[PDB]
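Participant: Below you'll find protein-v2.txt; it's compact mmCIF, C-alpha atoms.
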```
# COMPACT_ATOMS: atom_id res chain seq x y z
CA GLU A 1 -12.93 30.32 -11.09
CA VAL A 2 -9.96 27.97 -11.19
CA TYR A 3 -8.87 28.86 -7.65
CA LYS A 4 -12.28 27.73 -6.39
CA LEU A 5 -12.44 24.62 -8.55
CA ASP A 6 -9.06 23.43 -7.25
CA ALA A 7 -10.51 23.80 -3.75
CA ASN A 8 -13.68 21.94 -4.73
CA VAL A 9 -11.70 19.01 -6.14
CA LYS A 10 -9.39 18.82 -3.12
CA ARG A 11 -12.45 18.55 -0.86
CA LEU A 12 -14.16 15.97 -3.09
CA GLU A 13 -10.88 14.01 -3.18
CA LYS A 14 -11.09 13.74 0.61
CA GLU A 15 -14.81 12.97 0.62
CA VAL A 16 -14.63 10.22 -1.99
CA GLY A 17 -11.67 8.79 -0.11
CA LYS A 18 -13.65 8.64 3.13
CA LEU A 19 -16.50 6.87 1.36
CA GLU A 20 -14.10 4.40 -0.27
CA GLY A 21 -12.66 3.86 3.21
CA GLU A 22 -16.02 3.11 4.87
CA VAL A 23 -17.24 0.64 2.24
CA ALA A 24 -13.76 -0.86 2.03
CA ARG A 25 -14.37 -3.37 4.81
CA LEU A 26 -17.92 -4.27 3.72
```
Once you've parsed the file, please lay out its structure as structure tokens.

Facilitator:
Amino acid sequence: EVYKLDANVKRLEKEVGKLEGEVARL
């Protein structure tokens, strides 16, 4: 369970970062 969750969070970390990056200049 934990092994998968760590992977989920790592991916979300990247995805939220990308979103924060795209709305950053708006």

Participant: One decimal, Å: what's the distance from CA of residue 4 (chain A) over to CA of residue 23 (chain A), could you say?

Facilitator: 28.9 Å

Participant: Would you give the centre and edge lengths, in Å to one decimal, of a box along x, y and z around the listed atoms of region 10-21 of chain A, with 4 Å added to each side, as JSON?

Facilitator:
```
{"center_x": -12.9, "center_y": 11.3, "center_z": 0.0, "size_x": 15.1, "size_y": 23.0, "size_z": 14.4}
```

Participant: Can you measure CA of residue 19 (chain A) to CA of residue 1 (chain A) for me? One decimal in Å is fine.

Facilitator: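 CA of residue 19 (chain A) sits 26.8 Å away from CA of residue 1 (chain A).
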
Participant: Enter the distance from CA of residue 2 (chain A) to CA of residue 20 (chain A), in Å, rounded to one decimal.

Facilitator: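 A separation of 26.3 Å between them.
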